[PDB]
Every structure is written in structure tokens, then in C-alpha cells.
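Enquirer: Chains from the complex, first installment, not repositioned:
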Amino acid sequence: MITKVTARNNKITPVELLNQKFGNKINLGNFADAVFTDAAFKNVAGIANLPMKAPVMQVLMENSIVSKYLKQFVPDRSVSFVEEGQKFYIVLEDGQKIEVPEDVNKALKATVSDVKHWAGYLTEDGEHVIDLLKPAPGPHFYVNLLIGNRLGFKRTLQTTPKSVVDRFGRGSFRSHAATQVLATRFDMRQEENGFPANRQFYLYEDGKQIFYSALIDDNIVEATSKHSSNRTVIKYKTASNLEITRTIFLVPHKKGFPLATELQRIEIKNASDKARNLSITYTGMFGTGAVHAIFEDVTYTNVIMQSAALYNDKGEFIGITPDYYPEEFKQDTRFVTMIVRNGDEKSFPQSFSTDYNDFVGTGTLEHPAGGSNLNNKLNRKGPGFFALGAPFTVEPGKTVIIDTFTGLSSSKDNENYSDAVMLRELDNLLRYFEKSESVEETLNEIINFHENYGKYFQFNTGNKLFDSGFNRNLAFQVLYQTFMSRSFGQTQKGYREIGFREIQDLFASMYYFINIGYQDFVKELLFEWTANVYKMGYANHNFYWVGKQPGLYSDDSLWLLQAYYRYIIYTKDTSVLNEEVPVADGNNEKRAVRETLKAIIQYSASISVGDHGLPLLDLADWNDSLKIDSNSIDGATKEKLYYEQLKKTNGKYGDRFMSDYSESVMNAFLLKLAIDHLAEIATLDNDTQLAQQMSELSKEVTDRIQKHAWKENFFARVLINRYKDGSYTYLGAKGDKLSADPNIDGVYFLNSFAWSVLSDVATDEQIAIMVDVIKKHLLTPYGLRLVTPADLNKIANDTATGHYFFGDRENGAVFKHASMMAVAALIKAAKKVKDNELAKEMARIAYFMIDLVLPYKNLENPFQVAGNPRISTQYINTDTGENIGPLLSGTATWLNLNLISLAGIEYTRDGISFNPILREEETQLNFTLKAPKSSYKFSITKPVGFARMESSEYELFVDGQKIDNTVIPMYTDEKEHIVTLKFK
């Protein structure tokens, strides 16, 4: 009877039908655009020969002239526009080619003129300049992320403020945890991160609205946004020649300031020849303290608060705070205030409103009926809407500056807390920013801070999009993730705690912090993670103010050894091993770091091991889909059962916990690497007993992995111990019986390869075999997928049926973080394997995958690949090529590590092991490197083709002297050293 046609099973696309109908009467070029003319998809209207994919038909249909013209033909007749000799025609299927009227021609020419820049462009410094009218490639593309600075202050991870800002300034602003200053929105669209009023304002003249910052109409003749490092600047010009500029940034902390302040400076320049009598109404919505009640009891959120007015020492109104009745919502205190600077005069708002209904009245948010006559009524209820009003006359050629300060004070940074604390901190803030120039000086301080931070590693290549993308944008993102982990963004809006394994972000950022004088901060972070390890050696899976989920995931603790290794090898500071740090078990017990690292290794190498002596998988490891064991236990439960086991079987602590639980081969690799790291740390610390014990244990673990986890053509991913008849014994290689793809024998996990190499277990022949499998079955046109198709229902009855269409997340996506771990392995192997042809191939795959993750390349074909050209995104949809959010992800961290690795830098016992792997087409690579007490200029030259030190002739010079030792010293002479490498 009735039939259903889904988006995906729709049989033909508009552009395909356009080609079918017109592809032999006109040249459709390499790119075209088209729309179906009716809901049965029988006819199309399109346009030929575009420079890239873009929604041109949509923009044309918004044009009254072209839309009316098309109605002469559509829907009954298909049509294509075509340009010949710089004039436009419309072509019909019956052959006719009609020269379109002049007004249609002008509209078509204007529309196609700059299609290649419709998603914006990057400045030389890597800043994204966006047109406020153009369509968005996707909901993360036009987004900037802002952060405060709590370095030098307490609990930096938990207290640094953070904000998200789209091209219109939309978004939200948080203090500690998920505490909302400006309101988040949890609604249907990814595009709506915040309440729509946030950061927006109106201008009035003669009682009539002339401007709204989130409405572009015909009275706006220019409107652009620029996303830069830690600030966004939005500019408009009206037809009446008002020039409006918004600058948004977070205030770096200073003693006595509120815990969170966001500054928005608005500059209004009268570029006309007549004075104008204007007024501003600045609006927003405070976040509720009662977030769960938005879902559960909206009336509660309203009745528990009221608005309150703030007055300075002269009795002048300065702004609004939402005042709460319940004590639990009085431990933070929000505020908004504004200063109007008009020539000599400084003024504060003359009126306000605090009730959204009274403000909008009979109008809309874009055209509010009460916006020009604020009612000065303090709302007895929430929500905490605010509007602040002030008049100003602006003379010809002159500018008025309005500085807004939005923020929160908190008990999280102040003992004996009450709203009196907020009032004092707000006074301190406003006094600091009393002089107009103070805002500019703070912005310059922010700019200079991030510029200085980035100097640890600077590329200088022929490609300024790459150089700025790495030197500024990626460096900023890695700082951002060190402070924020995975806890905030455009679509990351729920409360998220810090995952233990996300210590990974510090793997990349620690060098940057050390080289701006914050080595102690790095140590503090190491110790903070260490305090989340239990005596037995498992870890809290998550923490924020305190830790939770003891030993729930089996991989967590092992990552901490990589962090300590990187820190100790770089700095040679073994003193951290003697630090007495609280154990996660509490009471009031502390343990030296060295003993905690030993315990981590013992847990995974000896206690929590399965029948093959490899680490147990438990609930899951790094991969949350490996819910193979449905009766798994956490570390606290395991600890209790273990002690009962020792008592019942007369065992000794350190003996194996006996079970038929499955084993994680990825954890085995993480462990082997961790053991190697501790052996090397111990040697540096002159701890001969520990070095020897760890060296021998590494050999033993390596033997277990080789004997029990190499399965013909790959390292397995999981060993299965509960089927004593052999029905299933492993997952992750040929013969595992678990493939869901009839054309693939076995399931293959990218991380089995990656971690077998990163841990230095895989032999050269094993690498060659695995790379062959990867090329055949894991390498897609959009990069390296995480795993091939698996049918885990055969062993994990528990198993979730799928949630995703093909291409998204677990149904076949390219997870870019995992792809970057695999690239790290490809790079490491390409430097060392004996066979130069294997090395060359692995480096080709490495650069192919890097090219698919570099954010700036998202502007090459933005309406297909989307993403964000300054900030990583999490995955590539393998059906469409679209880069899909969220923004914060391990991709950025590992991309940073990988590009530095390819440039040749690895820190080792005796200095910098230098071994660069350039692109085949590159003939030069230059970069600078900072160290704590010296600096370096590196220059590499080669002919076209694959070159590497292992197999190619070369000459290496340091400070003008030819040298054979490729381990460059870590100099401490406070001089710049010149390193030159020439491949012959």
C-alpha cells in the first residue's frame, strides 16, 4: 500500500540525475550542484562547473530574482544553468539553450564568483575568517574554543574557565566542572550549544531597533567573524555606516578576581558625517544552578531564584546577579556588568530588564518589543535573563566602547564563602579594568602567552597553512586538552570527569609547559594522577575533585608509566620517584611514587592475569566495545576476592588471581612498554635491583605475548579462556571465527598492530605481515578504520545490537585518535626496520593518514569533509568522508607527537635521537626546537624520493662539525645550536 524511501536507499542523487539529463549537451565540469524539483524526485534544477562541492542551488533559491525565474520551468521541466563566455544560459532537456535575463545573469555571476571561499579562509597566522551569511559545512566548523588561565593557582584542571563561541558569538561559558555561567542549551540541534540570547545585543536609534548582533539583514553590508587563538572578533558594517566590532575572550586569573570572567568588548564607530543618538541593550541568560531540574522540574528552577541588582559605592547601578534560596546553589555567585566609554565620559547602565517575557513582549528575540524601554523590574523568579541598557551619542568619526564582564565567583576558590566574596572580587575586577587600555593590554597578554607557549617547536616550511596549523592551532588545542580533557565543547555539554587514561594529553603538552617555566605544574599533574592509583595497582577510571570507579577498566594505570617516562627521560628528574603521594585507597596512607609504579606493573603482570599470563580485560580496556566478559569485576571487588583466594589456597600476595576471564593483548603491549620504561627509569636512578627485575620481566612478558598472542598473520586483540573445548580461544587474527564479513577471515584491530610496534614486540617480519593485512582490510579511502567487521554475539551474548548506520562511530568509522596511534607505530617502524621498501610504504601510509586529519585541510573540500579548519574532530564517516565532532579528542595529542616524530625528534637516554622521515616530494624541512637551557635550528635537505638514515647516505653536522653520532646532546649552554642533515 504505502511505501517508504529512506535517505540512504533513495536510488539516485540530484547531481546524478542532472548528469543523466544534461551531461552530453553541456560540460558539467568536475563539480556541479542540483536539487530535486519535486517530492517524487523525477526532475532536477542544477548548475554546472563549480570549483568545488557547495550548496549553490540553495543560495540561488534564496535569491528572489533567480527563484522567480526558475518558476517559469520548474517543477515540470528539468533545467541546468551554464556559463559560457562569462554569460549565463539555462538549458532544457529538449535542447533549448536560453540566455537568461540580465538581472538573473548578474545574480548567477555574483553567486558563483567566490564559491571556493564560501566556508571562509585562513589567515597567514591560521585564523579562520568566516562570512556570517554563508552556509556551514557542519555544526563544528564555525566554532572556537576559549580557555582561561589558572597557572600559578590551585586546582588548575578543575577551576580553569572555558567557553565555546560560534561565528555569531553563540554558545556558553563555564566555570569549574559543568558549572554554567551563561546557559547551555540541551535541545534537538547540535548547532545550539547555548541559550540564544547569550552574548548578543541590540542597538536603537529614535526608539527603533537598528541592529541585532545575531541577525544579518539587508541593512548589514559587511559581516565577518575571525576565530583566533583564544579570542574571537566579529565585525559588522551597516548601510548607515556604523562599524561594530565584538571581541570575546576569557580573563586570565589574577589574585582577587572571580573564578570565571568572560569579557566582551563592543566597539561602535560612527563612520558617517552626522552624530547619532544611539542606545545599546546587552542581553544574555545565566545558567541555572539546578541543571537536573531543567529536565525534571522546570518550575523548581524558576522559583528557587530571583534577580538582584548591583550598585557601586556611588549608588550607581552596575549590573545583575541571580540570587538563589537553596544553600547548594549559593556556593557560586554569577554576575554581569557593563561600562560605556564615550570620549571622556564613563557610564554604567541606565536601565535593565530581568524577565524574558516582558523583554520580548509581543515581539521575537530578534525584534523584542520591550528592548528599547527596559522596565527596571527585578524578577521574583528565574530564569536569569538579563538586559542592560545605556544611551550614548557618537559623533562623526568617533567610537564608543562598551565593555561587558560576565562571570562567577565560587567557594571552590574561597573559604568562608558567601555572596560578599563575589562582591569583593567583582570590585577588584572592575577596578583593574577601569582604564580603557587595560582590556587591550590583557588581550595582548593572552596573545603573547600563547605565542610564547608555542615556541617549544616551530615548523618553518613553504606552507604557512601547515606552519600556523601546527605552530599555533594544534599547540593551543593540546594546551586546551591538558586543562579540559574531553569535558567541554560545542556538543560536549554534559558533566564529564577526567578519564585516567587521558593522561595521554600530557604526553604531548608536557614539553610545552616545561619550556615556559612550568615544570612544577607538570610534576603536580603527574602526582595528581598518581593519587588515583590504588595500593594494588589498579586506578580510578575517572576523577575530578575525587576519584571513582576503582579498577573498572583494565588499561588505565599502565598509561601513567608513559607519562613518567616522558617526563624523566626529558628532564632527568628522578626526584619524582621519591615523592610521597596519597594512595587512592584513602584512610590517610601515602606511598612513594616508585612503589606505586612497581604496583601498577605487578597488577597487570602478575596478579590480574589470565591463563596465558597476560593482563585481564575486565569490563573493557582502552576499547569500550570489548564487553566480552559479562560477569567482569572492578578492582575493589577483585581485591576482596583475591585476599579470600590467598587465604583459601594458602597463597602469597603477588600470586595470580585465578579465573577464566579473558585477556587483553593491547594491555599486554601497554604493560611491556611500561616495564621497559620502568627499567630505564630505574637505570637512570641508579637502582640496579629494579632495573634488572624489570629487564627480566620485560623479556618474560614479551615471551608470553609471542607464544600466546601471535596468531599466524597478526597479534590477537583478546585471548578467550572460558571455552575449554576450544570452540573460541582468541579474537583478532586469521582463524578467530569471529568475522562478520564473509570476505575476511579473522577480525583485525588496528591497535594490535600499533601497540605491538610502540612496545617494540613485533619483529620486522611480523610488521611486514601486519602492514599487508592493514593495506588489504583496514585502510579505506578515508583512512585507517579501527577494526574490521566482527560478530561478537557468538561469544558475548551480552552484545549490543548495532546503533549506527554504516560509516558512523562503531559501524566502520575512521576513529582519528586510533588512526594517529597507528601512525605513531608506522613512523617508529619506518625509522628502524631493515627493509627500506617496508619503511617507504609505512611512511606513505603515515602521511596519507596525517593528510586526512590535519585540520587546515578541511578547507580544501569543506562542504564534503566538514570538520573544523583549526581544531581536530573525532572521526571520519567512511560512507561520506565527513569529519564529525566532537572537537576535543586524542587525535590532536597524537597528531602533535607524530609530526614531531616525523621531523626526527625523539628524546632518549643520551639526548635527542634524530631520525627524520620526510615526505617523498619534500626537498627541505626546517624547524626550531627549544630546550630548557638551549635551543636548536634544524635543517634537513634531500633529493626527491624516499630517504631515511637507516638506508640512505647522509652527512650530519652540529655547530658546523660533521658528526657520526645521531644522538644529539641536550645542550645546557644557553646557546642556539645549528643541526644540518643532508641526504645524498
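Expert: Received it, and whenever you're ready, just let me know what you need. Numbers count the residues shown, from 1 in each chain, chains lettered A, B, ... in the order given.
Enquirer: Return the residues in contact with residue A:922.
Expert: When contacts are counted by Cβ atoms under 8 Å, 6 or more residues apart in numbering, residue A:922 touches residue A:942. Where C-beta positions appear, they are placed from N, C-alpha and C, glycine not excepted.
Enquirer: Could you say which helix or strand holds it?
Expert: Per DSSP states H and E, residue A:922 falls between elements, in no helix or strand.
Enquirer: any idea how far it is from residue A:940?
Expert: From residue A:922 across to residue A:940, the span is 9 Å (Cβ to Cβ, to the nearest Å).
Enquirer: Now whichever strand or helix holds residue A:358: buried residues?
Expert: Using DSSP H and E, the element containing residue A:358 is helix A:356-360. For helix A:356-360, burial by neighbour count (16 or more other Cβ atoms under 10 Å) applies to A:356, A:358-360.
Enquirer: what's the distance between the following helix or strand past that helix and the middle of its chain?
Expert: Note on helix A:356-360: by DSSP H and E, the next helix or strand toward the C-terminus is strand A:385-394. Relative to the centre of its chain, strand A:385-394 is centred 36 Å away, using Cα atoms, centre = their mean, to the nearest Å.
Enquirer: What strands flank strand A:385-394, and is each parallel or antiparallel?
Expert: Its sheet considered, strand A:385-394 pairs with strand A:276-285 (antiparallel), strand A:351-353 (antiparallel) by DSSP bridges.
Enquirer: Ok, which of the ones you listed comes nearest residue A:118?
Expert: Taking Cβ to Cβ, strand A:276-285 is the member of the strands paired with strand A:385-394 nearest to residue A:118, at 30.0 Å.
Enquirer: Would you mark the buried spots in the closest one?
Expert: Neighbour-count burial for strand A:276-285, with 16+ other Cβ under 10 Å as criterion, is recorded at A:276, A:278-285.
Enquirer: Chain B comes next; put it on the structure above:
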Amino acid sequence: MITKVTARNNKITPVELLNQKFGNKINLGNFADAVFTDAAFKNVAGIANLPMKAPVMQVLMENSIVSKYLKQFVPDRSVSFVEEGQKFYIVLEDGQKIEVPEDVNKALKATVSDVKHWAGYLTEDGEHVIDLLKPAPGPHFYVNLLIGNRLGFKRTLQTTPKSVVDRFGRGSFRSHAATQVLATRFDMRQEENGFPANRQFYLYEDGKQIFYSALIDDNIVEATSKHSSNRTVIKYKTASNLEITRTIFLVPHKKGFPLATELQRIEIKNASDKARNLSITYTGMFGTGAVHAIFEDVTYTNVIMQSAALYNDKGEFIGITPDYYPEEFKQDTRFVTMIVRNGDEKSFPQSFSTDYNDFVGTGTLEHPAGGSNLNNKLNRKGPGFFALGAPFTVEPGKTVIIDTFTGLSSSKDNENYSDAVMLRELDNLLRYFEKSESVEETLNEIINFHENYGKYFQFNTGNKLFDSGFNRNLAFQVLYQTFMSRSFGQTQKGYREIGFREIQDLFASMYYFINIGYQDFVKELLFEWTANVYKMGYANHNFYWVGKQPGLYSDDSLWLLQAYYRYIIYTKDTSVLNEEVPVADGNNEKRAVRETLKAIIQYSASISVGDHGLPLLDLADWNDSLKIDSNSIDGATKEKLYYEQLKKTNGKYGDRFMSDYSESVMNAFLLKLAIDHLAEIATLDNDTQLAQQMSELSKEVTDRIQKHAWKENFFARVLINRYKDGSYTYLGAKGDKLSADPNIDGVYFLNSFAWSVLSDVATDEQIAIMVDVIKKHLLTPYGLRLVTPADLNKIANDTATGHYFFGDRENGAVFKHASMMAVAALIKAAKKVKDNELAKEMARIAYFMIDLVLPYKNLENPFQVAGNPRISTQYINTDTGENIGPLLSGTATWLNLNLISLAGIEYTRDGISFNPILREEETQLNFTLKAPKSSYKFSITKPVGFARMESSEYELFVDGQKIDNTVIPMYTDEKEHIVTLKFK
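Expert: Putting chain B onto the chains we already have gives this:
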């Protein structure tokens, strides 16, 4: 330094300052309005002599002419408008009185002309006619609630669809449980129940937007909404003489239909002399199946679905369905479709869009840039936005009708479910509604159904607002609550299950259902609740598809005896006692209803009792604030401990569970009443042993209550057993030591009074004493508060600090449900106490409180009292007098019972015990009453003053014969009986 002034701490109001500055130069009358002119509140602009409180200054300030005129004086000078001799002046503080210009005079006159009706008015049939421009008193005031009809089909409570509709048609639409058809919004404002596009549409002409159903601009010359019983009709007239009418209702179920369908009919009449070529774009937003992910993972909500197009047998597009990948979201299937009826022609949509971003484009939702050129693109992702487009030419004087059908099919009503089921049900629906007249016939069927349902009890007084308010509006609300409990509304948006104690709704509705032939449905509901009682006698606190929270709250089971009593006494159907009903414990065990009722009584009378033999309080009872015992246990835990106790101490089942837990006196009253009810049921069932046992137990329980719970001047509320030194021993009367008000000795709970009377425990002297306490300490200007101020931290030695400002919810509100239980007691006592002066006073309090809850009276002073003039609201804020939502509440149920009781109707063993209690100023009361096999016309006459049968002379006649027996027979002769009562 900086100071803070809250809404509540603000010293003086605008109107107070207006009177201070002007009150003896002009007559400000009984009502005025004013606004502060600046943020320091020094000056005011106001207007004198309004007919009621209303936001007149706000509306005047939206008027460009008046706003500009005021700027000649404000902000520096205070002003008041005044009308004298039908012309307006503005008065200044210096005494100047200036005749305002003619254009300002016209604007002021027009604005004040109809202030008395700014919040709308009620038709004679109780329908609320609302102006779409006027401000709202509050966020529940302009709301209607719609319901489907699943009578005669399975799982009626769980499957009846329901919708909320404001005056603009905003809101949302649900199927079973919290399953969203059209999307709910969980955001900052109580006003936003749904995604803003829901139910809204646009009209176009020559490619330009001429109308949006949720935008009133100057091209709209009339715009009104009418909320009636189970439908809303919204009407507009454009300046171009288009007349647009929207009619929204839910389709009653028919076999083969989808489980939920909402019909919106749009009629467009061309009342001009020229044909118009128009088009409509009909929009909305499907709700997500993944509601939790709106908060947790918005990207997930998008990627798990895609849009899909629907086609009829002829290959014509008919509408859209959102298609889901995960199996858990494929068990419901949503749809939207539309039919355009233009003269002889019927047509389906010619175009669609399914991507909000493409639809809005560079515009706004009110003015979407893609609305006139839908792109016919099926979105690969959610959210499930839809727009359906169709053209039509409408000739002069003619009408085009667009019928939209939005809905969902579900596995909850169909075995072997898939989307094929939806397609078949949608086909059935569209075939049924093929002919234009079918929509009108279905609407008339709905209207007639509710009119017939209401005939159980009809008032005929001189007061059509009261008569329609009761006969139509309250009757509908009580039906609504029987099907929906407390689970849906404007601000009730989270998932809520059916509370066991909300069987109370059936106390009022059962008589209505029985008198339309649905006695079997009433029995089925009795059995459904009965299946949520455990063998031991405690109950699941909540249920929906299954029950949960076994015995968590101590009162729950006792309410079931009231439902069985009302049913059995009305119908004399004792057969229900023999029904074998599943026990809540499961394991396929059943028990006869009679034995379950016995078990309920045994649990509260013998097992779960404290040191005084009164029922234990447990976590809490009816009052969720009585968290007195911090180590309480649920019934499952108690059952386990009880059996352990019996074994340890060699006890027998039925012995007391031993503890120092506190006792609930309200539960003791509910129990005493329950026992009396079972004794009477048993006597009717000729079960002499059970009747004797219950009669004796009632005496025993009464003695326990009198001996241990009467405390000098009140029945206590809780007896406390854990302080053996006597430090605290009770809560709820003089001497309890728990008052938080230094001027009150004791805490007094309204329900201690109410239930002491409803259970026939309180003596006449106890009633006199308690009513004196109530008058002194519980009766406020806004009605009966629930409790006086208490300091429970002294015994719950640390429970929650308060959450509310004074006046709201637990901080002193008038909870209208509890107020109506107290009124039930006052009425019962007024009928029977010996002292006529006590009776008179109690009846005065009863009618005072009724007047404060009757919805239609919310239109007397609507901008102060708000509420909703057709639907109850939950509480009155005792600081402001505002009636605050939610809408569904026990208020409506008990208001219905109380008004019928006051009219004199109580069903007893031998018929109708007739004992009416009229208002003192009433001289007449007439009403009709339906019974299953007869009907009645009642007429009561009296002189002015208090009259009642107990104390006043009267003559009673039935069918023209004077009778002395005031128990009127329940006649079964299928005749109308005339009952006349004349007080002398």
C-alpha cells in the same frame, strides 16, 4: 563596596512610589500601574484608575507614539497619566497637568478601553477566548490539555495519547509513557514545552511569506484562540482579508489506527474579491527516541536516524517518517502527512524539506529563507525536522482545507512489530479521513462524548461560569487525570509513572465512567492497582507497565480500600471480592481481592506498627517531607527482617515487626477508615465473620489513636519512639517542641484535622478545638496552608535546609489538594456536628477555600492570581496570591467530590444520604444526577442565612410525596425522580 538588592528586598514598589508622589494631586483609584524609570528606582511613570491590576505601562511602552511622548519627561521626571472627562493628561510632580496630544490620547484611550478582558474571557460553555497579543498572567494560564480515547482497547492508562497546546498551538504530543511524537523542549523557560516549529505553518504568495502561524504582526488584524473541551481553535484575519482557522484535536482510537494521531485542520478562506495563488509550508519537529542523549550525546541523537519519504499506491509523496537504526528506537514509528482540499481537488504535498538548517537558511524560524523553495532532500541525519509544501489557488469567497495527520504506531499495541505495521495503520487512518466531512464528524464525536460523560452531575444555577466550570471543565479534568495521573502537562515533561496513591482520581471519576456504560473499565482499574499489592499488604509506590518501589511509602495500600468502598457501595457489586488477581510478588501467584484487602489492613494494623500500635511512617507517608527516620526500610527489606524476627523470637505471622521506628497518625486515620470500609463491604457481602472482625478492629484502632495521638489541642501527625528519655515524643500538636515559629507552640498539620474527621475519629469537641487552631494558625488570606513552621532538624538531625522563598511549595504555600481534603472534612463535619454555630463556621471556611481554587475565578484578578481559568493548578503562593502550576493535581479530584458533597450527595448502604449545605447568600440550588437505572432532578430552597437539616426546619419531597427518610432510594425504574427540599 558594591551592594546587592534582591527583588524581594527592594524597599518600595513602582505603584507605591506613584501614590507617594501623586496620590493627592490625582485620584489613583483602586488599581494603578507603574514602572521605575531608571535602574536606581528614584522615579516612576504610571497610570491611574485601572479596573484591575494589569501590565498597562508595559503595553503603552510598546506603542511608539506613547513611548516617544514619555521621553520628553522620563527618566529625569516622574509622571502619571490620568483620564478626566474622557480625555488624557500627564501630571508632573510640580503639579503641572498637561493635556496630551491627540495621537497620544487616542493610544491611551484604546489601551485602557478593555483592560478588564486582557487575559481573555469565558464563553457561556466555559471555553477560554484568548487574544494572541495580550500578555500572559503566567505560563499555565493560556494552556489546554488534549487526550485521545482508548476505552474499549488494551492498556488504556499506558497507551492513551496526550497533547499540550498553548494559545499559539505551541507544545508537544505524546503516545505511551513519555514517548514523544512532536518534540518536547527541556530548556530555561516554563513557557517552552515544545520545539518552536511544532504545529506551525507559513503561507506564501508570489514567492513571498505572507503569514506565519506563530507571528502576529501589523498584517494581522484579528487573532484569537479558543480553548474548549478536548480541542483548541485558533483564528486569524489578515489585512488582505484571508481568514485562517486552525483546529487541533487527538483522534479517538479505532481498530487499525496508529496508537497516536493528532489532527490539525487548517481552513483558509479568501474573503477578498480577487483569487489568490498561495502555498502552505507545514512544519514541525519529531521527538527523538533517544531522550537521555539530548543531555548526554546530542550527536548520537542525530546520527542514529535519517529522514524517509512516504508514497501512496499511486506513487504520490504523502509525508515523512524518521527512520532509526537501533532496534530499541524502531519499536515506535512516527509519521506526518497532509491532504489539501481545494474545491473538487484533493492533493498531497508537492515538496518537502527535512533539514532545519537548509529550511531556515540565512533567515529565522519566523522568516525562513528556504520556506518557499523546499529542497526535497531527505536528511541523512536527525533531528527530524519536517516541512511539507503545497500550492493552491483560492477563489473569491472560497475556502481551502488542509488536514494534517501527525502520529506514531507502536509495538505497544501490535505483535510482530515493524515499520510495515505503521504503513498499514497510516493507510487505514488516511482512508478513514478521505472524505472532508469525516474530520468534522470525528470532532463532533469528541464533543458529544465529553458532553455525554459530564451528564452524571449537572449544576443549573444562575452562574454559567460556575456551571460550565464544573459540568464541563472539571469533569473533563477528572477524566484526564484518570487516564494520565500526574504524568503530562505544560511543565510536567519528564517521565513519571503512576503513583499508587493516585487511585484517588478514580474516587471522583468512577461515577462518571459507570454512568456511560464503562463499569467494567472501573473494575479493571481496581484490579490493576490490586495487582500492585504484595502478599504482606504493602504496595508498589509506582507502576506503569510493571510496578516498582515495594512498600517504600507507608500510606499507599490504604487508599485502595477507599476505591473499593466507593465502587461497592455505589454499585452493590461484591463480585469483585472474588476476583483472582496477581500478587505483586510474582511467580505467577494470584490471590482473591478479598484476601488482599485483608492483608492491606493487617500490614498497617498489626505487622508494620510502632510502640503505640499505629502504622509505621517508614521513609514517608502521603507527605514526602516527613523524612523523620533516616534508616527507614522498604517493604521487601522489612519482609525479610520480619521473617528473621519470627524465627529468632519464635513468633507467628501477624505479630508486630519490632522496631523504634516512628508512627504515622495520618496513616492511622487512613487505616481506621479502611477498616470501617471493609466491615461495611463484608456486611454487604454477607460475610459475618469478616464484618465482626473489622468492626472490632476499628474500635481497637480508634482507641489507640485517641489514647496515643490526641495531644491536648490537636491530633498529632507523627509519634516518635526512639527517644526513651522523652526528649521528643510527637510532632503535630501543642507541646511537641518542634515549632520554628516563636509565636506558635506546636506544629499543626492540616491533614491531622482532615483525616481525623474523614475517618470519623474526632469527637465534636475535638473538631471545635482543632477548627479554632486552624483559624488562628493555618488559615491565611489565600487559604489553608498544609502545616505551620517546623524545625525538624531537631530530630532528623540533619535533613535538607530549605529550597524555597516564603510562599512557594514547602515554605508556606497553600497546597490546594490538601486544602480540598480539609474542605472534605469541613463539609462532612458541617453536616453532622451537633453545634450549628460550629457547622456554620466550618461551612464558611469550606466555601472560602473553594472560592480560592475554582478555576474560573482566576479571571477575576488574573494578573495577580494567574493560574488557568479552565484547569486546576497545584498551589497558591502565600506571598503573592499567585496560583502556580502544574495543572494536573489532586485539587481537581477533591474539588469535584467536595462540590457534589455540598450539593448533598453521599452514597450509603440504603441509597443517597441527602444533606445539602448551601451558601448563606444562596436561596436556591438545582442540579441533575444520573444513576445507572434512573435519574434525579434536585431542587433546594432556603431563606438567606445558614441552613442545614441537622438544625433547621425543612420539608423533603420525592416524586411529590412528603417523606421523612433523608436517605433517598437508588431507583432502578428507568424514570426521572423529582426531589424537592424546602428549608423554613
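Enquirer: Phi, psi for the one residue in the stretch 501-650 of chain A that gets nearest to chain B please.
Expert: Ranked by Cβ to the nearest Cβ, the top residue of the stretch 501-650 of chain A for proximity to chain B is residue A:624, at 13.3 Å. The phi/psi pair for residue A:624 (degrees, to the nearest 10) reads phi -70, psi -10.
Enquirer: quick one: the strands in the stretch 101-250 of chain A?
Expert: Using DSSP state E, counting those that start in this stretch, the strands of the stretch 101-250 of chain A run over A:121-122, A:128-131, A:143-147, A:162-166, A:171-174, A:180-182, A:201-205, A:208-212, A:220-228, A:231-238, A:242-250.
Enquirer: May I have the strands that pair with the third one, each with its orientation?
Expert: Next to strand A:143-147 in the sheet, as set by DSSP bridges, lie strand A:162-166 (antiparallel).
Enquirer: tell me the angle of the partner strand relative to strand A:220-228?
Expert: 140 degrees (axes from the mean of the first three to the mean of the last three Cα atoms, to 10 degrees).
Enquirer: related to what we said a few turns ago, need the contact partners of the helix holding residue A:358.
Expert: Helix A:356-360 is contacted from outside by A:197, A:283, A:285, A:353, A:368-371, A:374-375, A:377, A:383, A:385, A:387, B:55, B:58, B:135-136, B:189, B:191, using Cβ atoms under 8 Å, 6 or more residues apart in numbering or on different chains.
Enquirer: now do 10 Å
Expert: By Cβ atoms under 10 Å, 6 or more residues apart in numbering or on different chains, the surrounding residues in contact with helix A:356-360 are A:195, A:197, A:281, A:283, A:285, A:352-353, A:365-371, A:373-375, A:377, A:379, A:382-387, B:35, B:55, B:58, B:61, B:135-136, B:138-139, B:188-189, B:191.
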